[PDB]
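Right, one structure below, let's go through it.
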Amino acid sequence: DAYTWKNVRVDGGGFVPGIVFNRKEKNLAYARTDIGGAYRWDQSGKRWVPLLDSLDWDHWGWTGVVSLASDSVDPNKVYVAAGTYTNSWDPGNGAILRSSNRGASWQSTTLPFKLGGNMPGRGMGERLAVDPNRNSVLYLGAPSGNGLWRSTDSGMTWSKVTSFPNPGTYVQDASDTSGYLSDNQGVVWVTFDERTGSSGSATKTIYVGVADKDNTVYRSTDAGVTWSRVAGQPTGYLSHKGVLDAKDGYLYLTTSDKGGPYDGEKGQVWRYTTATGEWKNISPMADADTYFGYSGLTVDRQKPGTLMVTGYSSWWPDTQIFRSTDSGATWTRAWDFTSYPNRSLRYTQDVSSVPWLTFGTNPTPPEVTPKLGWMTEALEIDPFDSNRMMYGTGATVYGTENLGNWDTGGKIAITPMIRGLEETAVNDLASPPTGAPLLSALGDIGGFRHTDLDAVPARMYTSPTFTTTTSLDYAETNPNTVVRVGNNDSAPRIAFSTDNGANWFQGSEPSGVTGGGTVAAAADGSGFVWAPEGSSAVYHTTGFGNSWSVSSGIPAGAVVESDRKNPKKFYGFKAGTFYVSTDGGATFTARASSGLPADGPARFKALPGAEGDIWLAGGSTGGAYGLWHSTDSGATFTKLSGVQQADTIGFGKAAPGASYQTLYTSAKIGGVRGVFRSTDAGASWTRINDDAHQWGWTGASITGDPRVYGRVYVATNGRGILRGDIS
Ligand SMILES: OC[C@H]1O[C@@H](O[C@H]2[C@@H](OC[C@H]3O[C@@H](O[C@H]4[C@H](O)[C@@H](O)[C@H](O[C@H]5[C@H](O)[C@@H](O)[C@H](O)O[C@@H]5CO)O[C@@H]4CO[C@H]4OC[C@@H](O)[C@H](O)[C@H]4O[C@@H]4O[C@H](CO)[C@H](O)[C@H](O)[C@H]4O)[C@H](O)[C@@H](O)[C@@H]3O[C@@H]3O[C@H](CO[C@H]4OC[C@@H](O)[C@H](O)[C@H]4O)[C@@H](O)[C@H](O)[C@H]3O)OC[C@@H](O)[C@@H]2O)[C@H](O)[C@@H](O)[C@H]1O
Ligand SMILES: OC[C@H]1O[C@@H](O)[C@H](O)[C@@H](O)[C@@H]1O[C@@H]1O[C@H](CO[C@H]2OC[C@@H](O)[C@H](O)[C@H]2O)[C@@H](O[C@@H]2O[C@H](CO[C@H]3OC[C@@H](O)[C@H](O)[C@H]3O)[C@@H](O[C@@H]3O[C@H](CO[C@H]4OC[C@@H](O)[C@H](O)[C@H]4O)[C@@H](O)[C@H](O)[C@H]3O)[C@H](O)[C@H]2O)[C@H](O)[C@H]1O
Ligand SMILES: [Cl-]
Ligand SMILES: [Cl-]
Ligand SMILES: [Cl-]
């Protein structure tokens, strides 16, 4: 069987830090994400096309894209700087990935240091740049003290620019012992002045942005041999972007007192006249009235004099977008306070195509839902259409096709431009045997009852809303009964449904909960077992969580699951020990542990229709790793000898003429990392994905479909919910 892969339709759901239009070819554009690769625009379908799905389990870190560059001399060429963390969370050095067919296939060169696609500062840029006159020359701004790097053979080999004098100084929080907030944000954008080269000869003037409040912009005038700070530059702020209007000879800088993308409490906008050296402060608001940093910097290539910026970190009442048609001499805004706190709008916004973007809230005026945006580091005017612009938020990409209405005193029309760009971190998936085909547990946007896998759901889970759902379950014998738990600053962190997840209601909470953990539903829907994060025990309830008691004999934070057939049977796993209860979760006892994985994560599930039939996947290179099977309710497990490592396990409808339900697993088998299917209860396996469809780390969740043979739902970490079917 050949397989066809598509997303379950959600559209967006995470941060898009950068958008890039090609300057040579109309309608050529890309987007970069921090954990989910990169995308090419499809103008015909008004949708985004993922380009980095080939990156495998062992190269998951390359799915973080800190910068992207699209060659103006040869628009077939595109380059990405790949790598996710510079601390111990990402074991792999970063890389430059190069393609000569607009992202259809890639080659890599590994750098001798790590890159920061999901680090602080990731909305500054673009820090990877191609010479617009001799396009075999590239530059890369590097983090952590590594400075400025260069290639002169179209990105195949890289070496340090030793003559660059300042590797950056800025650190968000030096005290963070995890290394996440404590890295030097380094060299953050690179911009050529294309007027200073000619075809085949290196561009002589190069501007470089540095995360150093005392020296945020450097220049070379001799094609990168020597460097100097730009004289008279403003100090006290970090330049998130540097953009050059070459027709008028203006270099623009949007600066902030923080690195972003979340923080930023002051900032400025400056204009540097390249011919004379003059600096002008063109900030849209007075400093006393500024409570955010600036970024979102873009010039209209077809109408020099026109530019826009954002107050990227304005959290209330909304983000702010600013526009000038006179090179920063005067500005107008997407909205204005009239009689404080009431507001005037210069735009309308229609999210009927992605209805869940209201987040189910009812905010107090002057706030509205959906918001104009937030975290708007990326804002771009189409170089070939003055009436189109796109910008990124923490949840979506918004755009307009009548931007000129702004200049004639009308209102611009904003809509999501996000279809195909699937960014969610998926924690858990369920495909019950009746009702909707899928229920999702997602970071940041909660999750959905998917009534139609090919349509965006109307609304995330509400009443209560969860920031993130960590685990969900349903009653095997009545899938109208559903439970979920998740993360929230305050109670409630558990919710139930009696109508298959269409409408919810909260429960009460046991002691000390700080987050979702895992949850399990009795097979008949009569009660539940909750292993929350933070709390000092596991708890069980009869009915909908009105009264909780401690589950004795199982440790806090175990993974909990329910038997599918015996309502009184529940299971737990933690740290190499399997736990069983036969009284609804009131008491557990330690059963098997012999040979079960003691180190690393695990996933396990009981089989629909079979009491005591349990499959468990997990472990790590620190100890045992693989797939185990018990048919005696966890008294003994057998390790499957031909599965070298495994991380997830799930089930779907039996094959025609098969004794047993079909198994699906994210695993390593016969030396190959991939997604595998068995129709003979794990005696043999067939790989059902392929080297173009890998999606990095898929260790969170997998399930088949009880009603559709062959179908598999694969959780990803930043590419949404992937759906495979037999072709
Ligand atoms: O994915 C979580 C999952 O990871 C499992 O490990 C996998 C995995 O690990 C990589 C790394 O992931 C971190 O979490 C990421 C998350 O994966 C992303 O989805 C998420 O993205 C955002 C994105 O940033 C937004 O821009 C976008 O809009 O939405 C998405 C989705 O929300 O980011 C988080 C990290 O968040 C921080 O960075 C991004 C910032 O935006 C964000 O503000 C910031 O959050 C702060 O986070 C810190 C975190 O400590 C804190 O909560 C602050 O309060 C908060 O504000 C994990 O954080 C990180 O640990 C993962 O690294 C690996 O950790 C493994 C386990 O380590 C522990 O156990 C072993 C022990 O030795 C260690 O000491 C101990 O820490 C470790 O084994 C592994 O080696 C590390 O790589 O992907 C690769 C795979 O190999 C890993 O197995 C993990 O097992 C599981 O439990 C779960 O956490
Ligand atoms: O009503 C209060 C309101 O007015 C003023 O009083 C106050 O000054 C304002 O701050 C406040 O606005 C609210 O501000 C907070 C930000 O808060 C702090 O930063 C500024 C400081 O002055 C202040 O002291 C701090 O407390 C916003 O919270 C953030 O919310 C967004 C998501 O909310 C948005 O999405 C839902 C929609 O309904 C909202 O309209 C919209 O604003 C979060 O963004 C998401 O974050 C995750 C990653 O998160 C994790 O990492 C960051 C960490 O802060 C967080 O705790 C972790 O969970 C990304 O994956 C998503 O891509 C991204 O969308 C911010 O994390 C969160 O800080 C309030 O939204 C705002 O109302
Ligand atoms: Cl269509
Ligand atoms: Cl119109
Ligand atoms: Cl985990």
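By convention here, the first residue in the shown sequence is residue 1. No hydrogens, no waters, no symmetry mates; every other heavy atom, side chains included, goes into these values.
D263 approaches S313 most closely through the heavy-atom pair O-CB, 3.8 Å. Here the shortest heavy-atom pairing between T310 and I321 reads CG2-CG1, 4.3 Å. Taking each heavy atom of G435 and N500 in turn, the nearest pair found is CA-OD1, 3.5 Å. Looking at every heavy atom in both residues, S508 comes nearest to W548 through O-NE1, 2.8 Å. The nearest pair of heavy atoms linking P317 to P366 is CB-CG, 3.9 Å. Between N546 and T541 the shortest heavy-atom distance is N-OG1, 4.0 Å.
Applying the salt bridge (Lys or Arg N to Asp or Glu O under 4.0 Å) rule to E265 yields the partners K258; only residues at least two apart in sequence or on another chain are considered. For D53, the salt bridge (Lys or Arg N to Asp or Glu O under 4.0 Å) criterion is met by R719, not counting sequence neighbours. Not counting sequence neighbours, the partners of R723 by the salt bridge (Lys or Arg N to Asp or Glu O under 4.0 Å) test are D454, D725.
A cation-pi contact links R484 to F466, judged by a cut-off of 6.0 Å to the six-membered ring centre and 45° from its axis. Remark: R343 qualifies as a cation-pi partner of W335 under the 6.0 Å distance and 45° angle criteria applied to the six-membered ring.
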(request) Mind running salt bridge (charged side-chain N to carboxylate O under 4.0 Å, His left out) on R9 and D11 for me, showing each step along the way? (result) CA-CA 6 Å; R9 180 94 166 268; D11 288 0; 3.0 Å; yes

(request) Give the C-alpha distance, both sets of side-chain angles, the deciding distance and a yes or no for side chain to side chain donor-acceptor pair (under 3.5 Å) between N342 and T338. (result) CA-CA 6 Å; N342 314 257; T338 50; 5.4 Å; no

(request) Give the intermediate values and the outcome of side chain to side chain contact (heavy atoms under 4.5 Å, CB included) for residues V16 and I19. (result) CA-CA 8 Å; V16 168; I19 298 163; 4.2 Å; yes

(request) Quick one: do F528 and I494 satisfy side chain to side chain contact (heavy atoms under 4.5 Å, CB included)? Show the steps, please. (result) CA-CA 11 Å; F528 307 83; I494 182 158; 5.6 Å; no

(message) side chain to side chain donor-acceptor pair (under 3.5 Å) for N27 and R388? Distances and angles first, verdict last.
(response) CA-CA 11 Å; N27 292 325; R388 172 157 68 173; 2.9 Å; yes

(request) Evaluate the side chain to side chain contact (heavy atoms under 4.5 Å, CB included) criterion for residues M119 and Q185: first the C-alpha distance (whole Å), next the side-chain angles of each, then the deciding distance (0.1 Å), finally the verdict. (result) CA-CA 9 Å; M119 291 295 292; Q185 297 201 3; over 6 Å; no

(message) For a side chain to side chain contact (heavy atoms under 4.5 Å, CB included) check, start with the C-alpha distance between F359 and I445, then their side-chain angles and the critical distance, and finish with the verdict.
(response) CA-CA 7 Å; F359 279 81; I445 63 177; 4.0 Å; yes

(request) Decide yes or no on salt bridge (charged side-chain N to carboxylate O under 4.0 Å, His left out) for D705 and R711, but give the supporting numbers first. (result) CA-CA 6 Å; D705 186 319; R711 180 173 295 170; 3.4 Å; yes

(request) Given side chain to side chain donor-acceptor pair (under 3.5 Å), test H240 with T255 step by step and report yes or no. (result) CA-CA 6 Å; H240 282 224; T255 72; over 6 Å; no

(request) Decide yes or no on side chain to side chain donor-acceptor pair (under 3.5 Å) for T348 and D350, but give the supporting numbers first. (result) CA-CA 7 Å; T348 64; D350 183 347; over 6 Å; no

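Donor-acceptor pairing under 3.5 Å is lacking for the side chains of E533 and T514. For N487 and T468, the side-chain atoms include no donor-acceptor pair closer than 3.5 Å.
A side-chain donor-acceptor contact under 3.5 Å links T393 to the backbone of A395. Using modelled atom types, one side-chain atom of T469 and one backbone atom of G446 make a donor-acceptor pair closer than 3.5 Å. Side-chain N or O atoms of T703 include none that pairs as donor or acceptor with a backbone N or O of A430 at under 3.5 Å. In this structure a side-chain-to-backbone donor-acceptor pair under 3.5 Å is present from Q320 to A334. Using a distance-only test at 3.5 Å, with no hydrogens or angles considered, a donor-acceptor pair links the side chain of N488 to the main chain of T465. Side-chain atoms of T319 never come within 3.5 Å of backbone atoms of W374 as a donor-acceptor pair (strictly under, hydrogens ignored). A donor-acceptor pair under 3.5 Å is absent between the side-chain atoms of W530 and the main chain of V485, judged by distance alone. Remark: the backbone N or O of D499 is paired with a side-chain donor or acceptor of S497 at under 3.5 angstrom. Judged purely by atom type and a 3.5 angstrom limit, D300 has no side-chain atom pairing as donor or acceptor with the backbone of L307. For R47 (side chain) and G45 (main-chain N/O), a donor-acceptor pair under 3.5 Å exists by modelled atom type.
Atom CG of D173 sits in a crowded spot, with more than 12 heavy atoms from other residues, nucleotides or ligands closer than 6.0 Å. Other residues, nucleotides and ligands contribute at most 12 non-hydrogen atoms within 6.0 Å of the CG atom of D489. More than 12 heavy atoms of other residues, nucleotides or ligands shown are found within 6.0 angstrom of CZ on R40.
Side-chain contact between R346 and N405 is absent, with no heavy atoms from C-beta onward closer than 4.5 Å. Put simply, the side chain of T325 reaches to within 4.5 Å of the side chain of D407, judged on heavy atoms. By the 4.5 Å heavy-atom criterion applied to side chains, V456 and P355 are counted as neighbours. In this structure, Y398 and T396 have side chains that are in contact, with non-hydrogen atoms separated by less than 4.5 Å. Looking only at side-chain heavy atoms (C-beta outward), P120 and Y262 stay at 4.5 Å or farther from each other. Put simply, the side chain of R493 reaches to within 4.5 Å of the side chain of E509, judged on heavy atoms. Between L439 and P432, the closest side-chain pair of non-hydrogen atoms falls below 4.5 Å. Between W406 and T332, the closest side-chain pair of non-hydrogen atoms falls below 4.5 Å.
Atom NE2 of residue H450 and atom CG of residue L429 lie 7.5 Å apart, to the nearest 0.5 angstrom. If you take CG on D326 and OG1 on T306, they are separated by 8.5 Å, rounding to the nearest 0.5 Å. One finds the CH2 atom of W356 at 14.0 Å from the OG1 atom of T462 (value rounded to the nearest 0.5 Å). Atom CD of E423 is separated from atom CG of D444 by 9.5 Å, given to the nearest 0.5 angstrom.
In this structure, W60 has its ring center at least 6.0 angstrom away from the ring center of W695. Under the 6.0 Å cut-off for aromatic ring centres, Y312 and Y294 do not qualify, their centroids lying 6.0 Å or more apart. If you look at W504 and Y461, their ring centroids are closer than 6.0 Å. Between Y30 and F21, the gap from one ring centroid to the other reaches at least 6.0 Å. The aromatic ring centres of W89 and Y180 sit less than 6.0 Å apart.
Under a 4.0 Å N-O distance rule, the pair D34/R122 qualifies as a salt bridge. Using a cutoff of 4.0 Å between basic side-chain nitrogens and carboxylate oxygens, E126 and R32 are scored as salt-bridged.
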